[PDB]
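Visitor: Structure: run_6.pdb, PDB, C-alpha atoms.
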```
MODEL        1
ATOM      1  CA  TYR A   1      11.146   4.644   0.760  1.00  0.00           C
ATOM      2  CA  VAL A   2      12.079   5.635   4.308  1.00  0.00           C
ATOM      3  CA  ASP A   3      13.805   3.190   6.589  1.00  0.00           C
ATOM      4  CA  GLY A   4      13.638   3.865  10.303  1.00  0.00           C
ATOM      5  CA  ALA A   5      17.197   2.565  10.890  1.00  0.00           C
TER
ATOM      6  CA  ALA B   1      12.799   9.579 -11.362  1.00  0.00           C
ATOM      7  CA  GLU B   2      12.639   9.648  -7.539  1.00  0.00           C
ATOM      8  CA  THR B   3      12.004   6.854  -5.032  1.00  0.00           C
ATOM      9  CA  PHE B   4      10.929   8.902  -2.036  1.00  0.00           C
TER
ATOM     10  CA  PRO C   1      -7.911  -6.674  -2.621  1.00  0.00           C
ATOM     11  CA  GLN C   2      -6.980  -4.243   0.136  1.00  0.00           C
ATOM     12  CA  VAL C   3      -4.182  -3.766   2.631  1.00  0.00           C
ATOM     13  CA  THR C   4      -3.724  -1.615   5.792  1.00  0.00           C
ATOM     14  CA  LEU C   5      -0.400   0.024   6.758  1.00  0.00           C
ATOM     15  CA  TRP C   6       0.177  -1.103  10.245  1.00  0.00           C
ATOM     16  CA  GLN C   7       3.081  -3.142   8.872  1.00  0.00           C
ATOM     17  CA  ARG C   8       5.249  -2.671   5.748  1.00  0.00           C
ATOM     18  CA  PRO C   9       3.138  -3.481   2.612  1.00  0.00           C
ATOM     19  CA  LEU C  10       5.268  -6.364   1.433  1.00  0.00           C
ATOM     20  CA  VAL C  11       4.185  -8.443  -1.487  1.00  0.00           C
ATOM     21  CA  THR C  12       5.577 -11.388  -3.332  1.00  0.00           C
ATOM     22  CA  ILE C  13       6.681 -10.751  -6.940  1.00  0.00           C
ATOM     23  CA  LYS C  14       7.804 -13.008  -9.728  1.00  0.00           C
ATOM     24  CA  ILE C  15      10.204 -11.474 -12.177  1.00  0.00           C
ATOM     25  CA  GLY C  16      12.783 -12.972 -14.529  1.00  0.00           C
ATOM     26  CA  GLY C  17      11.584 -16.403 -13.340  1.00  0.00           C
ATOM     27  CA  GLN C  18      12.564 -15.582  -9.707  1.00  0.00           C
ATOM     28  CA  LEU C  19      10.483 -15.083  -6.618  1.00  0.00           C
ATOM     29  CA  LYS C  20      11.201 -12.035  -4.540  1.00  0.00           C
ATOM     30  CA  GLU C  21       9.606  -9.909  -1.825  1.00  0.00           C
ATOM     31  CA  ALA C  22       9.014  -6.196  -2.552  1.00  0.00           C
ATOM     32  CA  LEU C  23       7.624  -3.162  -0.882  1.00  0.00           C
ATOM     33  CA  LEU C  24       4.536  -1.405  -2.375  1.00  0.00           C
ATOM     34  CA  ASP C  25       5.734   2.210  -2.287  1.00  0.00           C
ATOM     35  CA  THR C  26       3.322   4.975  -3.265  1.00  0.00           C
ATOM     36  CA  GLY C  27       6.146   7.425  -2.726  1.00  0.00           C
ATOM     37  CA  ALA C  28       8.222   5.867  -5.516  1.00  0.00           C
ATOM     38  CA  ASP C  29       7.757   7.055  -9.062  1.00  0.00           C
ATOM     39  CA  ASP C  30       9.638   4.038 -10.280  1.00  0.00           C
ATOM     40  CA  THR C  31      10.195   0.380  -9.530  1.00  0.00           C
ATOM     41  CA  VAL C  32      13.715  -0.559  -8.359  1.00  0.00           C
ATOM     42  CA  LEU C  33      15.015  -3.989  -7.508  1.00  0.00           C
ATOM     43  CA  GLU C  34      18.113  -5.141  -5.764  1.00  0.00           C
ATOM     44  CA  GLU C  35      20.744  -6.705  -7.934  1.00  0.00           C
ATOM     45  CA  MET C  36      19.417  -9.642  -9.911  1.00  0.00           C
ATOM     46  CA  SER C  37      19.710 -11.503 -13.165  1.00  0.00           C
ATOM     47  CA  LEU C  38      17.371 -10.037 -15.774  1.00  0.00           C
ATOM     48  CA  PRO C  39      17.733 -10.975 -19.477  1.00  0.00           C
ATOM     49  CA  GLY C  40      17.666  -8.368 -22.283  1.00  0.00           C
ATOM     50  CA  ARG C  41      19.526  -5.127 -22.920  1.00  0.00           C
ATOM     51  CA  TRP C  42      19.422  -2.016 -20.710  1.00  0.00           C
ATOM     52  CA  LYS C  43      20.217   1.704 -20.566  1.00  0.00           C
ATOM     53  CA  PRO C  44      22.068   3.599 -17.791  1.00  0.00           C
ATOM     54  CA  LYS C  45      20.105   5.862 -15.466  1.00  0.00           C
ATOM     55  CA  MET C  46      20.225   7.506 -12.056  1.00  0.00           C
ATOM     56  CA  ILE C  47      17.479   7.839  -9.453  1.00  0.00           C
ATOM     57  CA  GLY C  48      17.327   9.724  -6.178  1.00  0.00           C
ATOM     58  CA  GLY C  49      15.841   9.479  -2.712  1.00  0.00           C
ATOM     59  CA  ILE C  50      16.621  10.282   0.897  1.00  0.00           C
ATOM     60  CA  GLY C  51      20.351   9.927   1.519  1.00  0.00           C
ATOM     61  CA  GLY C  52      21.539  10.641  -1.976  1.00  0.00           C
ATOM     62  CA  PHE C  53      21.403   8.902  -5.310  1.00  0.00           C
ATOM     63  CA  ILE C  54      22.234   5.523  -6.839  1.00  0.00           C
ATOM     64  CA  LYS C  55      23.161   4.402 -10.328  1.00  0.00           C
ATOM     65  CA  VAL C  56      20.838   1.809 -11.869  1.00  0.00           C
ATOM     66  CA  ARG C  57      20.240  -0.281 -14.979  1.00  0.00           C
ATOM     67  CA  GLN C  58      17.015   0.498 -16.772  1.00  0.00           C
ATOM     68  CA  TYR C  59      15.055  -2.419 -18.280  1.00  0.00           C
ATOM     69  CA  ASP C  60      11.941  -1.752 -20.297  1.00  0.00           C
ATOM     70  CA  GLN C  61       8.990  -3.944 -21.158  1.00  0.00           C
ATOM     71  CA  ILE C  62       9.780  -6.239 -18.219  1.00  0.00           C
ATOM     72  CA  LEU C  63       7.025  -8.657 -17.164  1.00  0.00           C
ATOM     73  CA  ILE C  64       6.331  -8.841 -13.444  1.00  0.00           C
ATOM     74  CA  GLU C  65       3.613 -10.533 -11.412  1.00  0.00           C
ATOM     75  CA  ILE C  66       2.670  -8.685  -8.264  1.00  0.00           C
ATOM     76  CA  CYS C  67       0.775 -10.676  -5.680  1.00  0.00           C
ATOM     77  CA  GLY C  68      -0.819 -12.480  -8.691  1.00  0.00           C
ATOM     78  CA  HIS C  69      -1.455  -9.524 -11.014  1.00  0.00           C
ATOM     79  CA  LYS C  70       0.632  -9.250 -14.171  1.00  0.00           C
ATOM     80  CA  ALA C  71       2.196  -5.980 -15.347  1.00  0.00           C
ATOM     81  CA  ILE C  72       4.695  -4.971 -17.913  1.00  0.00           C
ATOM     82  CA  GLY C  73       6.851  -1.975 -17.384  1.00  0.00           C
ATOM     83  CA  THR C  74      10.161  -0.479 -16.731  1.00  0.00           C
ATOM     84  CA  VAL C  75      12.179  -1.932 -13.938  1.00  0.00           C
ATOM     85  CA  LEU C  76      15.390  -0.437 -12.521  1.00  0.00           C
ATOM     86  CA  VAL C  77      18.066  -2.645 -11.064  1.00  0.00           C
ATOM     87  CA  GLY C  78      20.810  -1.461  -8.796  1.00  0.00           C
ATOM     88  CA  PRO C  79      22.081  -0.920  -5.245  1.00  0.00           C
ATOM     89  CA  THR C  80      18.737  -0.279  -3.496  1.00  0.00           C
ATOM     90  CA  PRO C  81      18.363  -1.533   0.127  1.00  0.00           C
ATOM     91  CA  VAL C  82      15.011  -3.149  -0.753  1.00  0.00           C
ATOM     92  CA  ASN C  83      12.936  -4.117  -3.793  1.00  0.00           C
ATOM     93  CA  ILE C  84      10.414  -1.273  -4.381  1.00  0.00           C
ATOM     94  CA  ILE C  85       7.311  -1.447  -6.575  1.00  0.00           C
ATOM     95  CA  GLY C  86       6.641   2.096  -7.678  1.00  0.00           C
ATOM     96  CA  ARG C  87       3.675   3.866  -9.165  1.00  0.00           C
ATOM     97  CA  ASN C  88       4.628   2.901 -12.703  1.00  0.00           C
ATOM     98  CA  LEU C  89       3.575  -0.625 -11.846  1.00  0.00           C
ATOM     99  CA  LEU C  90       1.172   0.134  -9.025  1.00  0.00           C
ATOM    100  CA  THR C  91      -1.276   1.741 -11.433  1.00  0.00           C
ATOM    101  CA  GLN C  92      -1.284  -1.492 -13.502  1.00  0.00           C
ATOM    102  CA  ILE C  93      -2.583  -3.606 -10.685  1.00  0.00           C
ATOM    103  CA  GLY C  94      -5.246  -1.007  -9.925  1.00  0.00           C
ATOM    104  CA  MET C  95      -3.557  -0.084  -6.704  1.00  0.00           C
ATOM    105  CA  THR C  96      -5.393   2.835  -5.203  1.00  0.00           C
ATOM    106  CA  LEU C  97      -4.670   4.716  -2.056  1.00  0.00           C
ATOM    107  CA  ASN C  98      -7.857   5.435  -0.145  1.00  0.00           C
ATOM    108  CA  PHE C  99      -8.244   6.994   3.325  1.00  0.00           C
TER
ATOM    109  CA  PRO D   1     -11.371   9.743  -0.102  1.00  0.00           C
ATOM    110  CA  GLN D   2     -10.104   7.211  -2.590  1.00  0.00           C
ATOM    111  CA  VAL D   3      -6.835   8.178  -4.349  1.00  0.00           C
ATOM    112  CA  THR D   4      -5.341   6.589  -7.515  1.00  0.00           C
ATOM    113  CA  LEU D   5      -1.589   6.629  -8.205  1.00  0.00           C
ATOM    114  CA  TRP D   6      -1.395   7.785 -11.742  1.00  0.00           C
ATOM    115  CA  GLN D   7       0.178  10.881 -10.282  1.00  0.00           C
ATOM    116  CA  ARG D   8       2.241  11.481  -7.080  1.00  0.00           C
ATOM    117  CA  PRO D   9      -0.128  11.215  -4.097  1.00  0.00           C
ATOM    118  CA  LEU D  10       0.452  14.764  -2.801  1.00  0.00           C
ATOM    119  CA  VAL D  11      -1.701  16.104  -0.008  1.00  0.00           C
ATOM    120  CA  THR D  12      -1.840  19.309   1.941  1.00  0.00           C
ATOM    121  CA  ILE D  13      -0.722  19.240   5.586  1.00  0.00           C
ATOM    122  CA  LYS D  14      -0.818  21.716   8.390  1.00  0.00           C
ATOM    123  CA  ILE D  15       1.859  21.379  10.994  1.00  0.00           C
ATOM    124  CA  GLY D  16       3.357  23.848  13.485  1.00  0.00           C
ATOM    125  CA  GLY D  17       0.825  26.366  12.159  1.00  0.00           C
ATOM    126  CA  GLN D  18       2.205  26.129   8.619  1.00  0.00           C
ATOM    127  CA  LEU D  19       0.775  24.761   5.399  1.00  0.00           C
ATOM    128  CA  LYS D  20       2.866  22.386   3.364  1.00  0.00           C
ATOM    129  CA  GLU D  21       2.457  19.758   0.669  1.00  0.00           C
ATOM    130  CA  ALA D  22       3.577  16.227   1.411  1.00  0.00           C
ATOM    131  CA  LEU D  23       3.780  12.905  -0.388  1.00  0.00           C
ATOM    132  CA  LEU D  24       1.744   9.942   1.006  1.00  0.00           C
ATOM    133  CA  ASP D  25       4.435   7.261   1.064  1.00  0.00           C
ATOM    134  CA  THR D  26       3.563   3.657   1.924  1.00  0.00           C
ATOM    135  CA  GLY D  27       7.216   2.782   1.589  1.00  0.00           C
ATOM    136  CA  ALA D  28       8.115   5.074   4.435  1.00  0.00           C
ATOM    137  CA  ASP D  29       8.057   3.751   7.997  1.00  0.00           C
ATOM    138  CA  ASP D  30       8.421   7.289   9.301  1.00  0.00           C
ATOM    139  CA  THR D  31       7.239  10.813   8.478  1.00  0.00           C
ATOM    140  CA  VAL D  32      10.047  13.162   7.412  1.00  0.00           C
ATOM    141  CA  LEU D  33       9.761  16.839   6.669  1.00  0.00           C
ATOM    142  CA  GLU D  34      12.026  19.375   5.091  1.00  0.00           C
ATOM    143  CA  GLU D  35      13.610  21.892   7.410  1.00  0.00           C
ATOM    144  CA  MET D  36      10.987  23.868   9.260  1.00  0.00           C
ATOM    145  CA  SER D  37      10.312  25.585  12.543  1.00  0.00           C
ATOM    146  CA  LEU D  38       8.678  23.285  15.126  1.00  0.00           C
ATOM    147  CA  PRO D  39       8.199  23.946  18.860  1.00  0.00           C
ATOM    148  CA  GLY D  40       9.411  21.646  21.660  1.00  0.00           C
ATOM    149  CA  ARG D  41      12.572  19.615  22.145  1.00  0.00           C
ATOM    150  CA  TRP D  42      14.109  17.030  19.781  1.00  0.00           C
ATOM    151  CA  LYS D  43      16.646  14.206  19.722  1.00  0.00           C
ATOM    152  CA  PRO D  44      19.161  13.386  16.923  1.00  0.00           C
ATOM    153  CA  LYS D  45      18.578  10.421  14.661  1.00  0.00           C
ATOM    154  CA  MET D  46      19.531   8.996  11.276  1.00  0.00           C
ATOM    155  CA  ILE D  47      17.131   7.491   8.779  1.00  0.00           C
ATOM    156  CA  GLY D  48      17.940   5.546   5.675  1.00  0.00           C
ATOM    157  CA  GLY D  49      16.820   5.804   2.103  1.00  0.00           C
ATOM    158  CA  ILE D  50      17.650   4.655  -1.370  1.00  0.00           C
ATOM    159  CA  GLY D  51      20.615   7.010  -1.691  1.00  0.00           C
ATOM    160  CA  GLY D  52      22.035   6.454   1.757  1.00  0.00           C
ATOM    161  CA  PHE D  53      21.441   8.118   5.136  1.00  0.00           C
ATOM    162  CA  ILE D  54      20.548  11.589   6.430  1.00  0.00           C
ATOM    163  CA  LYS D  55      20.658  13.121   9.875  1.00  0.00           C
ATOM    164  CA  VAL D  56      17.361  14.417  11.264  1.00  0.00           C
ATOM    165  CA  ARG D  57      15.681  15.869  14.341  1.00  0.00           C
ATOM    166  CA  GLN D  58      13.076  13.708  15.993  1.00  0.00           C
ATOM    167  CA  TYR D  59       9.965  15.273  17.528  1.00  0.00           C
ATOM    168  CA  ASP D  60       7.257  13.315  19.275  1.00  0.00           C
ATOM    169  CA  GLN D  61       3.639  14.046  19.974  1.00  0.00           C
ATOM    170  CA  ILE D  62       3.556  16.479  17.034  1.00  0.00           C
ATOM    171  CA  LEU D  63       0.019  17.341  15.845  1.00  0.00           C
ATOM    172  CA  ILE D  64      -0.511  17.232  12.049  1.00  0.00           C
ATOM    173  CA  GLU D  65      -3.586  17.660   9.873  1.00  0.00           C
ATOM    174  CA  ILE D  66      -3.457  15.625   6.666  1.00  0.00           C
ATOM    175  CA  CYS D  67      -6.206  16.490   4.220  1.00  0.00           C
ATOM    176  CA  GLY D  68      -8.412  17.525   7.155  1.00  0.00           C
ATOM    177  CA  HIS D  69      -7.672  14.416   9.273  1.00  0.00           C
ATOM    178  CA  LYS D  70      -5.817  15.080  12.483  1.00  0.00           C
ATOM    179  CA  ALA D  71      -3.044  12.844  13.797  1.00  0.00           C
ATOM    180  CA  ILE D  72      -0.429  13.006  16.483  1.00  0.00           C
ATOM    181  CA  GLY D  73       2.896  11.366  16.249  1.00  0.00           C
ATOM    182  CA  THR D  74       6.551  11.504  15.606  1.00  0.00           C
ATOM    183  CA  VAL D  75       7.786  13.704  12.936  1.00  0.00           C
ATOM    184  CA  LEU D  76      11.391  13.863  11.733  1.00  0.00           C
ATOM    185  CA  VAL D  77      12.869  17.077  10.358  1.00  0.00           C
ATOM    186  CA  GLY D  78      16.032  17.184   8.271  1.00  0.00           C
ATOM    187  CA  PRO D  79      17.543  17.331   4.737  1.00  0.00           C
ATOM    188  CA  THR D  80      14.896  15.232   2.976  1.00  0.00           C
ATOM    189  CA  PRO D  81      14.274  16.257  -0.688  1.00  0.00           C
ATOM    190  CA  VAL D  82      10.521  16.247  -0.015  1.00  0.00           C
ATOM    191  CA  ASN D  83       7.978  16.089   2.763  1.00  0.00           C
ATOM    192  CA  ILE D  84       7.005  12.528   3.313  1.00  0.00           C
ATOM    193  CA  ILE D  85       4.051  11.198   5.311  1.00  0.00           C
ATOM    194  CA  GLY D  86       4.994   7.727   6.485  1.00  0.00           C
ATOM    195  CA  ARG D  87       3.068   4.822   7.890  1.00  0.00           C
ATOM    196  CA  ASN D  88       3.330   6.018  11.461  1.00  0.00           C
ATOM    197  CA  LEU D  89       0.813   8.696  10.432  1.00  0.00           C
ATOM    198  CA  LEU D  90      -0.868   6.946   7.532  1.00  0.00           C
ATOM    199  CA  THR D  91      -2.450   4.372   9.937  1.00  0.00           C
ATOM    200  CA  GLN D  92      -3.933   7.291  11.987  1.00  0.00           C
ATOM    201  CA  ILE D  93      -5.918   8.585   9.089  1.00  0.00           C
ATOM    202  CA  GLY D  94      -7.092   5.122   7.948  1.00  0.00           C
ATOM    203  CA  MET D  95      -5.192   4.994   4.642  1.00  0.00           C
ATOM    204  CA  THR D  96      -5.205   1.700   2.752  1.00  0.00           C
ATOM    205  CA  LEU D  97      -4.004   0.395  -0.606  1.00  0.00           C
ATOM    206  CA  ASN D  98      -6.510  -1.276  -2.930  1.00  0.00           C
ATOM    207  CA  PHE D  99      -5.784  -3.608  -5.816  1.00  0.00           C
TER
ENDMDL
END
```
Show me, as structure tokens, the structure contained in the file I just sent.

Guide:
Amino acid sequence: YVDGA
Amino acid sequence: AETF
Amino acid sequence: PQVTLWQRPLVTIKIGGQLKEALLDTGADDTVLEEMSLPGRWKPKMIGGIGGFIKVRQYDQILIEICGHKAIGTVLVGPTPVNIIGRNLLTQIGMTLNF
Amino acid sequence: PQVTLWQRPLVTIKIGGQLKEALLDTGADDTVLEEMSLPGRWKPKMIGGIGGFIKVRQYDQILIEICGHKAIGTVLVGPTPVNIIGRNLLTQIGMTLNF
């Protein structure tokens, strides 16, 4: 899980 | 384990 | 059946009698859900990722339906930003990654 | 080629003239690599994960070969525990999930 935020 |  | 990755691979899951949305995550060894009510006993555990680590509750033999397919497995519950379905359950619904 | 998930979906990548192994991660919006030498300029950024946030360098128009399939896109470089290939690149090589 990688969240571009 | 690992949640990458 | 099949899903492309132009958008986040979100699916609907039913677990502990509740409906939730979760991300299919081939990069996750394990399944981890945001805080929720899940019957039964559990055992402490810690998992890692980008940013650090979080403490979670480990529930075994938990029934979950993923986009219609049933699976029984371990489910972690704790302070994750989003519900993640990991490989431990992905293999049960015959989720394959093809390219 | 089809790929099951009974094991971590690791693939070989070539980037910046170097060979590395990376995890195909459908739960990742973005591609993030461990510290490495890459040409060109970059711009600071912070990405989130299950354990919190990490600071990273953002590079655009970076060429990468994933299992023989070429792709160009943004690549982040920073303190990630492992090299992750995210959807921004997964769509370029036609990856899909099947269940």

Visitor: Here's a test: counting only C-alpha atoms, identify every protein, DNA and RNA residue with an atom at most 12 Å from (8.2, -14.6, -7.0) in the file's coordinate frame, and state them as JSON, numbers by chain.

Guide: {"C": [11, 12, 13, 14, 15, 16, 17, 18, 19, 20, 21, 22, 63, 64, 65, 66, 67, 68, 69, 70, 83]}

Visitor: For residue B:3, please output as number ranges by chain all residues within 7 Å (counting all atoms listed in the file; exclusion window: fewer than 5 positions along the same chain).

Guide: A: 1; C: 27-30, 48-49

Visitor: One number please: atom CA of residue C:97 to atom CA of residue C:35, in Å, one decimal.

Guide: 28.5 Å

Visitor: For residue D:39, find every residue with an atom within 12 Å (counting all atoms listed in the file), except residues of its own chain fewer than 2 positions away, and show them as a PDB file with C-alpha atoms, keeping the file's coordinate frame.

Guide:
```pdb
ATOM      1  CA  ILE D  15       1.859  21.379  10.994  1.00  0.00           C
ATOM      2  CA  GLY D  16       3.357  23.848  13.485  1.00  0.00           C
ATOM      3  CA  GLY D  17       0.825  26.366  12.159  1.00  0.00           C
ATOM      4  CA  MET D  36      10.987  23.868   9.260  1.00  0.00           C
ATOM      5  CA  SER D  37      10.312  25.585  12.543  1.00  0.00           C
ATOM      6  CA  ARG D  41      12.572  19.615  22.145  1.00  0.00           C
ATOM      7  CA  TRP D  42      14.109  17.030  19.781  1.00  0.00           C
ATOM      8  CA  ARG D  57      15.681  15.869  14.341  1.00  0.00           C
ATOM      9  CA  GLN D  58      13.076  13.708  15.993  1.00  0.00           C
ATOM     10  CA  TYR D  59       9.965  15.273  17.528  1.00  0.00           C
ATOM     11  CA  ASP D  60       7.257  13.315  19.275  1.00  0.00           C
ATOM     12  CA  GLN D  61       3.639  14.046  19.974  1.00  0.00           C
ATOM     13  CA  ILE D  62       3.556  16.479  17.034  1.00  0.00           C
ATOM     14  CA  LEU D  63       0.019  17.341  15.845  1.00  0.00           C
ATOM     15  CA  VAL D  75       7.786  13.704  12.936  1.00  0.00           C
ATOM     16  CA  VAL D  77      12.869  17.077  10.358  1.00  0.00           C
TER      17      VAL D  77
END
```

Visitor: Tell me, in Å to one decimal, how far atom CA of residue D:93 is from atom CA of residue D:71.

Guide: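 Interatomic distance here is 7.0 Å.
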
Visitor: Separation of atom CA of residue D:53 and atom CA of residue D:78, in Å?

Guide: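 According to the coordinates, atom CA of residue D:53 and atom CA of residue D:78 are separated by 11.0 Å.
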
Visitor: Considering all atoms listed in the file, extract the chain D residues located within 12 Å of chain A and return them as a ChimeraX atom specification.

Guide: /D:23-33,45-56,58,74-76,80-88

Visitor: Quick one: chain C onto chain D, least squares on all Cα paired in order, result as an mmCIF file with C-alpha atoms, keeping the file's coordinate frame?

Guide:
```cif
data_model
loop_
_atom_site.group_PDB
_atom_site.id
_atom_site.type_symbol
_atom_site.label_atom_id
_atom_site.label_comp_id
_atom_site.auth_asym_id
_atom_site.auth_seq_id
_atom_site.Cartn_x
_atom_site.Cartn_y
_atom_site.Cartn_z
ATOM 1 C CA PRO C 1 -11.715 9.143 0.525
ATOM 2 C CA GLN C 2 -9.659 7.430 -2.161
ATOM 3 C CA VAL C 3 -6.821 8.294 -4.502
ATOM 4 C CA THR C 4 -5.293 6.627 -7.619
ATOM 5 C CA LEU C 5 -1.543 6.661 -8.397
ATOM 6 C CA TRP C 6 -1.356 7.985 -11.858
ATOM 7 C CA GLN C 7 0.259 11.083 -10.350
ATOM 8 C CA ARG C 8 2.249 11.577 -7.113
ATOM 9 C CA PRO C 9 -0.156 11.307 -4.098
ATOM 10 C CA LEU C 10 0.400 14.817 -2.830
ATOM 11 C CA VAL C 11 -1.643 16.145 0.013
ATOM 12 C CA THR C 12 -1.808 19.370 1.907
ATOM 13 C CA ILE C 13 -0.718 19.233 5.572
ATOM 14 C CA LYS C 14 -0.863 21.707 8.398
ATOM 15 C CA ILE C 15 1.843 21.365 10.981
ATOM 16 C CA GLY C 16 3.359 23.817 13.454
ATOM 17 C CA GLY C 17 0.815 26.371 12.178
ATOM 18 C CA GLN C 18 2.240 26.135 8.607
ATOM 19 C CA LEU C 19 0.759 24.811 5.417
ATOM 20 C CA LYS C 20 2.866 22.440 3.403
ATOM 21 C CA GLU C 21 2.527 19.871 0.624
ATOM 22 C CA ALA C 22 3.621 16.273 1.346
ATOM 23 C CA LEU C 23 3.818 12.966 -0.371
ATOM 24 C CA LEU C 24 1.770 9.990 0.971
ATOM 25 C CA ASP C 25 4.459 7.292 0.973
ATOM 26 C CA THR C 26 3.490 3.725 1.844
ATOM 27 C CA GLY C 27 7.134 2.803 1.472
ATOM 28 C CA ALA C 28 8.153 5.077 4.355
ATOM 29 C CA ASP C 29 8.090 3.748 7.880
ATOM 30 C CA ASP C 30 8.361 7.266 9.173
ATOM 31 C CA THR C 31 7.263 10.800 8.426
ATOM 32 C CA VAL C 32 10.046 13.231 7.434
ATOM 33 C CA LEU C 33 9.718 16.894 6.626
ATOM 34 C CA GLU C 34 12.059 19.337 5.039
ATOM 35 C CA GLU C 35 13.601 21.875 7.332
ATOM 36 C CA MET C 36 11.005 23.877 9.214
ATOM 37 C CA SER C 37 10.272 25.618 12.465
ATOM 38 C CA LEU C 38 8.706 23.219 14.959
ATOM 39 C CA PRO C 39 8.425 24.158 18.669
ATOM 40 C CA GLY C 40 9.389 21.748 21.487
ATOM 41 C CA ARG C 41 12.466 19.669 22.245
ATOM 42 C CA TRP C 42 13.873 16.876 20.056
ATOM 43 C CA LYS C 43 16.253 13.905 19.981
ATOM 44 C CA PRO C 44 18.892 13.082 17.321
ATOM 45 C CA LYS C 45 18.266 10.220 14.914
ATOM 46 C CA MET C 46 19.279 8.860 11.527
ATOM 47 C CA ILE C 47 17.105 7.380 8.786
ATOM 48 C CA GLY C 48 17.976 5.680 5.522
ATOM 49 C CA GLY C 49 16.713 5.294 1.981
ATOM 50 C CA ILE C 50 17.950 4.984 -1.576
ATOM 51 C CA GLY C 51 21.154 6.978 -2.004
ATOM 52 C CA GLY C 52 22.359 6.811 1.553
ATOM 53 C CA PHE C 53 21.293 8.250 4.862
ATOM 54 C CA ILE C 54 20.449 11.618 6.408
ATOM 55 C CA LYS C 55 20.602 12.977 9.932
ATOM 56 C CA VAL C 56 17.291 14.234 11.330
ATOM 57 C CA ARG C 57 15.667 15.785 14.388
ATOM 58 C CA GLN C 58 13.044 13.618 16.016
ATOM 59 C CA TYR C 59 9.914 15.327 17.397
ATOM 60 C CA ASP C 60 7.329 13.307 19.253
ATOM 61 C CA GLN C 61 3.671 13.936 19.942
ATOM 62 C CA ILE C 62 3.499 16.391 17.031
ATOM 63 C CA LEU C 63 0.011 17.342 15.815
ATOM 64 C CA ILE C 64 -0.504 17.259 12.063
ATOM 65 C CA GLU C 65 -3.586 17.593 9.879
ATOM 66 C CA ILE C 66 -3.445 15.572 6.700
ATOM 67 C CA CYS C 67 -5.897 16.550 4.005
ATOM 68 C CA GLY C 68 -8.278 17.402 6.915
ATOM 69 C CA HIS C 69 -7.642 14.435 9.223
ATOM 70 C CA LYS C 70 -5.814 15.069 12.487
ATOM 71 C CA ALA C 71 -3.016 12.822 13.768
ATOM 72 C CA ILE C 72 -0.461 12.992 16.469
ATOM 73 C CA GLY C 73 2.829 11.283 16.076
ATOM 74 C CA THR C 74 6.487 11.433 15.608
ATOM 75 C CA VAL C 75 7.781 13.680 12.914
ATOM 76 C CA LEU C 76 11.388 13.800 11.679
ATOM 77 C CA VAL C 77 12.865 16.995 10.347
ATOM 78 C CA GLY C 78 15.959 17.198 8.235
ATOM 79 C CA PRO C 79 17.515 17.341 4.760
ATOM 80 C CA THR C 80 14.902 15.304 2.843
ATOM 81 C CA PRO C 81 14.189 16.320 -0.804
ATOM 82 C CA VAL C 82 10.429 16.254 -0.113
ATOM 83 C CA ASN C 83 7.991 16.143 2.807
ATOM 84 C CA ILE C 84 6.979 12.463 3.283
ATOM 85 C CA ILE C 85 4.019 11.196 5.310
ATOM 86 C CA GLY C 86 4.948 7.709 6.403
ATOM 87 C CA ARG C 87 3.014 4.777 7.746
ATOM 88 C CA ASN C 88 3.257 6.006 11.321
ATOM 89 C CA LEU C 89 0.784 8.705 10.384
ATOM 90 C CA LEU C 90 -0.882 7.000 7.447
ATOM 91 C CA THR C 91 -2.472 4.429 9.735
ATOM 92 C CA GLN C 92 -4.027 7.284 11.777
ATOM 93 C CA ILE C 93 -5.990 8.642 8.880
ATOM 94 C CA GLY C 94 -7.170 5.141 8.001
ATOM 95 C CA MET C 95 -5.087 5.123 4.880
ATOM 96 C CA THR C 96 -5.348 1.717 3.306
ATOM 97 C CA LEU C 97 -3.704 0.410 0.216
ATOM 98 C CA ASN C 98 -6.134 -1.625 -1.854
ATOM 99 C CA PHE C 99 -5.609 -3.134 -5.328
#
```

Visitor: Counting all atoms listed in the file, find residues at most 8 Å from (-6.8, 8.4, 3.2) (file frame) and give them as a list in words.

Guide: residues 97, 98 and 99 of chain C; 1, 2, 3, 90, 93, 94, 95 and 96 of chain D

Visitor: Given 3 Å of margin on each side, can you work out the centre and size in Å (one decimal) of an axis-aligned box holding every listed atom of stretch 77-96 of chain D, as JSON?

Guide:
```
{"center_x": 5.2, "center_y": 9.5, "center_z": 5.6, "size_x": 30.6, "size_y": 21.6, "size_z": 18.7}
```
